[PDB]
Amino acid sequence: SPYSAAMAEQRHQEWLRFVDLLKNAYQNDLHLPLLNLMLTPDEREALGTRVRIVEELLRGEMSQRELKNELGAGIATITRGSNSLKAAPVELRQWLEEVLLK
């Protein structure tokens, strides 16, 4: 079954292999061509927009509807971003607030 625990374990090891591959691509200065190979153009654009969503949610000045109109993202996308930021570990959120809100 595709929802089995053994399949979730295979997906996890495949994901960690990508993370390690990307880790060493940065060390070899090959991260830009590898990300161009592994991601579609729309996936790269979404990642850039999601950084802005994280920044504005952390800042708390703009409303979610306001966020939707400046970036062209739906309300559902904004809400899923807020869900993900809420579930993020404290150590990550603390670092993001120092980087994106300086």
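In this text, residue numbers run from 1 along the sequence as written.
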When mean C-alpha B-factors in the record are compared for 54 to 62 and 38 to 46, the larger belongs to 54 to 62
Should the higher mean CA B-factor in the entry be assigned to 27 to 35 or to 65 to 73?
-> 65 to 73
Which third of the chain does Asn83 land in by C-alpha B-factor: lowest, middle or highest?
-> lowest
In terms of the CA temperature factor given in the entry, to which third of its chain does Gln94 belong: lowest, middle or highest?
-> highest
